[PDB]
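Asks: Dumping the structure here so I can ask a few things about it.
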Amino acid sequence: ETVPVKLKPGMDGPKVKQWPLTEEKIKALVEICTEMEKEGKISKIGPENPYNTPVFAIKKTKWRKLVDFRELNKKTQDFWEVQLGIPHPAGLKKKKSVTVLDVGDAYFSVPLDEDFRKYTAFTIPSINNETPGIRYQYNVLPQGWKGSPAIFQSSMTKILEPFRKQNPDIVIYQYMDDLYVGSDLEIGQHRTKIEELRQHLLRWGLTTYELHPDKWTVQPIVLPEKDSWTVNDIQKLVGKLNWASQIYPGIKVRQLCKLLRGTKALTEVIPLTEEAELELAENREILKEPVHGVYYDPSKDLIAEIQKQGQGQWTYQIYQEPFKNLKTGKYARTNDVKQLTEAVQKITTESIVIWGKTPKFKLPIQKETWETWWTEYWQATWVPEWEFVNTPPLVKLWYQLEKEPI
Amino acid sequence: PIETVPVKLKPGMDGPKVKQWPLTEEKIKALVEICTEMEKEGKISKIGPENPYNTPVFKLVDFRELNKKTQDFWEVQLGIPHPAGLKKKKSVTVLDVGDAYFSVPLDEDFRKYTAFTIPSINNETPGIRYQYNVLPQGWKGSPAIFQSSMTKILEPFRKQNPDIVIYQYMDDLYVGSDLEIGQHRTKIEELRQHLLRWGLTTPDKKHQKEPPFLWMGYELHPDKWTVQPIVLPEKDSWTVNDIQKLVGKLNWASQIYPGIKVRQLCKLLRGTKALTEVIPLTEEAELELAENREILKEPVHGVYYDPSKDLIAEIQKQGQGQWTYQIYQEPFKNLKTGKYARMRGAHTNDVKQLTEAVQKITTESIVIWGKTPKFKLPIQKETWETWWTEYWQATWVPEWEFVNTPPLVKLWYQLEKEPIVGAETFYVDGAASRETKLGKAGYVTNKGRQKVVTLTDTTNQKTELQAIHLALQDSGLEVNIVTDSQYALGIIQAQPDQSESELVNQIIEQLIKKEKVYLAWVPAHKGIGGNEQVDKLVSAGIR
DNA sequence: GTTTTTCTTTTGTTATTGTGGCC
RNA sequence: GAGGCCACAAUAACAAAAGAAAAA
Ligand SMILES: O=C1Nc2ccc(Cl)cc2[C@@](C#CC2CC2)(C(F)(F)F)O1
Ligand SMILES: [Ca+2]
Ligand SMILES: [Ca+2]
């Protein structure tokens with residue numbers, strides 16, 4: 001049977017333009033979609049259907065089809081969150097090891113509301129615009145729609161209810177096409193409990209690491225320790241601390257700027273007065289202390305910002321209001337675009353578990369260059385929001401000082 | 001026998017209700033014979049009072065209003081093929097489908113909206129009314145629906161004959177094979193038979209056109225392509241419209257003629273000015289107009305794409321912010337050429353600007369050929385590497401190699417990462433008025449020197465660059481400078497070879513001349529010694 | 001004090017004019 | 001009844017986008 005879905009009144013359907021694809025990805029996508037037609041999943045459609053959604057070919061072994069339903073999900077957001085949303089388990093972040101595998105095929109056997117299929121329309125392009133472009137639409141629940149979990153949800157609890165009574169200190173949470181299952185078991189005992197669900201799910205037609213949730217710890221800023229200070233060394237420390245005051249208002253620089261009396265030579269060694277050495281150590285203690293006064297709001301979007309910190313290394317922050325970072329961190333290595341895509345994907349996984357939302361990314365990269373190469377290394381089944389920005393130099397210089405774990 | 005496409009009106013709209021005006025008795029006499037024929041052939045049908053809609057006779061009928069009211073469709077042949085992505089063929093054939101539109105029937109329920117009226121001459125008695133049974137000429141949906149029919153019809157024939165490429169474009173089919181001309185001519189007639197089963201007619205062998213084929217302004221031969229020759233008129237006086245026409249022709253040629261340039265003919269068109277206003281050519285424009293004239297005297301041609309060889313793109317800096325490129329598979333046989341205008345930002349660096357030219361060409365190459373090229377770039381491999389590892393923006397060019405064709409692209413200067421011992425320390429700053437635009441900028445040094453200048457009709461930021469201009473002008477070949485303007489520190493650490501502002505450029509030349517410069521930043525209004533003395537002096541006048 | 005005005009290294013839009021074409 | 005439509009370009013305009021920054 002089918003769930004009667006509809007869009008809000010002031011909302012047309014999606015009409016996104018399809019980014020050019022390489023010949024190799026077009027050949028792969030043609031193959032995949034004819035096999036999905038032959039199985040009744042998708043249907044060829046006509047020119048009278050004006051809507052469209054981008055299609056890509058990503059790497060998740062043998063080729064896989066990814067549809068970028070971002071614009072459509074915004075257009076059915078009152079449906080899959082208010083009407084049939086999924087609550088978030090605060091407990092999930094606290095397990096010792098949380099693994100997640102692909103529940104993709106689960107959606108492929110439920111019919112999609114007929115009066116709604118027309119929005120799922122997508123187009124396989126053709127090289128050099130030599131053939132009109134292959135247009136399909138969806139007859140079943142599409143991987144990558146947010147409306148798909150909300151519908152198979154009523155059926156999802158019933159698949160998982162036998163395992164949830166049997167093992168009731170393990171948490172199960174599904175975002176999009178993924179099941180996040182959280183355990184405190186040993187590494188041998190985690191790997192046995194996973195085969196338990198891989199055998200349990202083949203009983204409803206569903207084929208099929210991240211030991212991290214207790215390892216995501218916000219590192220402190222670590223100011224330089226020097227036996228002699230030059231007028232330079234203190235001038236730059238002052239500007240950084242002065243900016244970091246927006247984040248930590250306890251930071252003070254007055255006893256340091258007093259030290260810089262008269263136009264000195266940039267190399268001249270200033271001994272730190274006993275007052276100035278106290279300020280520097282009061283500052284150090286503010287930075288080792290966890291930041292305070294920031295609390296996650298659910299009525300607000302997460303934002304993720306990433307700085308190209310240095311060769312092979314990247315700094316990031318997850319925040320909702322400026323300077324109030326709910327997380328900060330360091331990813332280290334390949335090229336820039338490959339690392340960024342892997343960094344974007346790690347942050348989104350982390351951010352799901354912890355809040356069950358994905359953040360809107362601010363990426364330091366020209367848009368066109370991103371559109372060209374991101375599918376070359378993308379592996380996930382969802383696609384976050386993202387925006388293209390520049391990096392203030394003070395922002396990288398500051399977050400450079402986080403302590404890297406060993 | 002072609003099944004119709006269901007077509008609807010835009011939500012909440014009714015059909016056209018436009019009044020029909022009277023016409024010449026000679027015009028009324030001619031139309032009635034045109035429609036009486038169409039009615040006999042079943043293209044149109046007489047209608048009566050039951051139909052409330054109407055559209056005026058002009059394409060035979062002017063459907064502006066119906067097109068506004070008709071649903072949108074999905075894009076049809078959005079972009080056009082570029083000849084340089086066609087593969088070489090030994091036999092080509094073009095059939096133009098003649099009764100194209102008349103051969104596809106119109107969705108039965110939609111037909112009522114296409115009604116029109118031939119009025120009578122006296123205009124006291126109502127005239128003859130009709131509506132369309134087939135895709136009307138100039139109806140918004142007619143091109144897309146015909147193409148949908150044609151693609152369905154061509155499917156089996158494509159299935160039985162894989163090695164034949166059929167490209168469809170408007171009313172025309174372009175058919176290509178590597179068969180020998182006789183077997184090719186057999187297949188074409190097989191195609192004609194298959195199309196005729198559905199009522200589509202095409203020219204027989206005696207009436208098919210012989211290559212080369214004119215198409216979209218190209219001239220398509222079986223093994224090469226070209227554009228029709230481009231004549232830039234030679235005139236003593238040029239109007240703004242004249243220069244518009246030159247740039248358009250020149251741009252059109254950019255694809256096959258290497259090294260075309262337009263920037264300085266473009267700079268003339270900058271002033272808003274009536275199309276009739278005579279505009280006198282600058283001499284850089286008079287010069288680069290000439291260089292383009294010589295380029296268009298040569299003959300040129302492009303080859304087609306050989307899917308079994310690597311794509312190669314080679315880029316040369318052709319001048320002031322301009323770039324130029326060629327894409328080939330064989331060393332002297334280019335598939336196409338092109339140019340790049342760039343200058344998105346005021347303060348641009350060549351190294352980056354090249355990377356932009358590379359990103360444009362990478363994208364165009366995926367469109368035309370379905371894969372990315374290999375690059376030949378006038379930039380050394382570690383002049384590239386030092387720039388990008390010290391830049392905040394990420395990028396990626398997967399495969400390029402150095403090619404030594406001057407002018408090479410190089411970073412003009414690089415600023416120091418540590419303070420220069422024994423170089424005079426300068427503290428620089430400026431200040432300017434919020435209302436009167438009077439400002440001052442100057443410096444003091446740890447050696448005791450100091451200087452202030454006065455500036456007019458300026459701003460705080462412009463003055464702050466002037467201050468760094470002072471310190472570099474009046475210091476030795478090694479120098480430390482300390483400023484409070486992150487604005488000014490950023491523009492300089494961008495290494496902009498080309499900038500909109502004349503003043504920015506002059507500093508750049510001064511940084512070439514110095515051979516050690518260490519530039520640093522300290523926050524304003526924090527009483528930092530050195531900063532505080534110069535803040536005092538340069539904020540004196542107005543503050 | 002929060003709201004102003006200035007610049008730019010990120011993205012985008014509606015209009016004209018021009019080149020090559022079509023219906 | 002003041003030709004639509006497509007690609008490409010140039011010019012003009014809104015950037016009320018965004019970001020950062022100065023200044024009051
Ligand atoms: O792939 C090829 N190669 C080629 C070479 C010469 C000619 Cl003249 C034509 C072609 C052809 C085409 C086309 C569109 C531009 C109309 C065709 F299919 F043969 F029509 O496509
Ligand atoms: Ca100042
Ligand atoms: Ca024209």
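Identifiers for the structure tokens are assigned positionally: chains receive A, B, ... in sequence, residues are indexed from 1 per chain, and ligands are indexed from 1 in the order shown.
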Can you tell me, as a PyMOL selection string, which residues in stretch 201-269 of chain B count as helix (DSSP H, G or I) by DSSP?
Replies: chain B and resi 240-253+263-269
Asks: How would the residues just chosen look if you wrote them out with C-alpha atoms as a PDB file, in the first residue's frame?
Replies:
```pdb
ATOM      1  CA  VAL B 240      29.686  51.664 -29.882  1.00  0.00           C
ATOM      2  CA  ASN B 241      27.470  49.297 -31.840  1.00  0.00           C
ATOM      3  CA  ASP B 242      30.288  48.782 -34.327  1.00  0.00           C
ATOM      4  CA  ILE B 243      32.583  47.634 -31.535  1.00  0.00           C
ATOM      5  CA  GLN B 244      29.867  45.343 -30.215  1.00  0.00           C
ATOM      6  CA  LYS B 245      29.721  43.703 -33.668  1.00  0.00           C
ATOM      7  CA  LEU B 246      33.505  43.250 -33.810  1.00  0.00           C
ATOM      8  CA  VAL B 247      33.765  41.599 -30.407  1.00  0.00           C
ATOM      9  CA  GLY B 248      30.964  39.212 -31.297  1.00  0.00           C
ATOM     10  CA  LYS B 249      32.561  38.076 -34.564  1.00  0.00           C
ATOM     11  CA  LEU B 250      35.971  37.832 -32.865  1.00  0.00           C
ATOM     12  CA  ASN B 251      34.537  35.761 -30.005  1.00  0.00           C
ATOM     13  CA  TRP B 252      32.865  33.511 -32.609  1.00  0.00           C
ATOM     14  CA  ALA B 253      36.228  32.854 -34.208  1.00  0.00           C
ATOM     15  CA  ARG B 263      40.066  42.824 -23.949  1.00  0.00           C
ATOM     16  CA  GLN B 264      41.119  46.214 -25.306  1.00  0.00           C
ATOM     17  CA  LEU B 265      38.265  46.392 -27.775  1.00  0.00           C
ATOM     18  CA  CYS B 266      36.104  45.495 -24.760  1.00  0.00           C
ATOM     19  CA  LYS B 267      37.497  48.324 -22.637  1.00  0.00           C
ATOM     20  CA  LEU B 268      36.069  50.743 -25.214  1.00  0.00           C
ATOM     21  CA  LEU B 269      32.541  49.433 -24.685  1.00  0.00           C
TER      22      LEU B 269
END
```
Asks: Could you give me, as an MDAnalysis selection string, every polymer residue with an atom at most 8 Å away from an atom of ligand 3, counting only C-alpha atoms (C1' of nucleotides) and all ligand atoms?
Replies: chainID C and resid 19:21
Asks: Mind dumping the selected residues with N, CA and C atoms (P, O5', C5', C4', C3', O3' and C1' of nucleotides) as a PDB file, in the first residue's frame?
Replies:
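Result file result-v4.pdb:
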```pdb
ATOM      1  P    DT C  19      25.820  40.976 -35.025  1.00  0.00           P
ATOM      2  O5'  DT C  19      26.692  39.681 -34.703  1.00  0.00           O
ATOM      3  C5'  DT C  19      28.100  39.684 -34.931  1.00  0.00           C
ATOM      4  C4'  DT C  19      28.716  38.315 -34.644  1.00  0.00           C
ATOM      5  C3'  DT C  19      28.009  37.130 -35.293  1.00  0.00           C
ATOM      6  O3'  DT C  19      28.444  36.938 -36.642  1.00  0.00           O
ATOM      7  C1'  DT C  19      28.366  36.656 -33.017  1.00  0.00           C
ATOM      8  P    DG C  20      27.461  36.277 -37.730  1.00  0.00           P
ATOM      9  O5'  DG C  20      27.207  34.788 -37.180  1.00  0.00           O
ATOM     10  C5'  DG C  20      28.312  33.919 -36.941  1.00  0.00           C
ATOM     11  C4'  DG C  20      27.848  32.506 -36.644  1.00  0.00           C
ATOM     12  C3'  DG C  20      26.511  32.108 -37.262  1.00  0.00           C
ATOM     13  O3'  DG C  20      26.702  31.666 -38.587  1.00  0.00           O
ATOM     14  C1'  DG C  20      26.463  31.592 -34.988  1.00  0.00           C
ATOM     15  P    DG C  21      25.469  31.611 -39.606  1.00  0.00           P
ATOM     16  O5'  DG C  21      24.599  30.411 -39.033  1.00  0.00           O
ATOM     17  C5'  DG C  21      23.251  30.562 -38.845  1.00  0.00           C
ATOM     18  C4'  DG C  21      22.778  29.467 -37.954  1.00  0.00           C
ATOM     19  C3'  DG C  21      21.302  29.177 -38.051  1.00  0.00           C
ATOM     20  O3'  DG C  21      21.084  28.195 -39.052  1.00  0.00           O
ATOM     21  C1'  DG C  21      21.869  29.541 -35.792  1.00  0.00           C
TER      22       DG C  21
END
```
Asks: Find, counting only C-alpha atoms (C1' of nucleotides), the residue in B:68, B:111, B:140, B:449 that gets nearest to chain C.
Replies: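 Selected residue with least distance to chain C: B:140.
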Asks: From a DSSP calculation on the backbone, collect every residue of stretch 20-258 of chain A in strand (DSSP E or B) and output the set as number ranges by chain.
Replies: A: 42-44, 52-53, 55-58, 64-67, 97-102, 111, 122-124, 134-138, 140, 171-175, 178-183, 221, 229-230
Asks: How far is it from atom CA of residue B:214 to atom CA of residue B:197, in Å with one decimal?
Replies: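 Spanning atom CA of residue B:214 to atom CA of residue B:197 is a straight-line distance of 28.3 Å.
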Asks: I'd like the contact shell of residue A:32 - 12 Å cut-off, only C-alpha atoms (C1' of nucleotides), skipping same-chain residues fewer than 2 positions apart - returned as a list in words.
Replies: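 My list of contacting residues is residues 25, 26, 27, 28, 29, 30, 34, 35, 36, 37, 38, 39, 41, 42, 55, 56, 57, 62, 63, 64, 65, 66 and 124 of chain A.
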Asks: Do you know which residues are within 10 Å of ligand 2 using only C-alpha atoms (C1' of nucleotides) and all ligand atoms? Can you write them as a PyMOL selection string?
Replies: (chain B and resi 428-432+441+460-461+463-464+483-485+523-525+531+534-536+538-539+543) or (chain D and resi 22-23)
Asks: Counting only C-alpha atoms (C1' of nucleotides) and all ligand atoms, what residues are within 7 Å of ligand 1, given as a list in words?
Replies: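 The distance check yields residues 81, 83, 86, 87, 88, 89, 92, 93, 165, 166, 167, 169, 174, 175, 176, 177, 211, 212, 213, 215, 220, 221, 222 and 223 of chain B.
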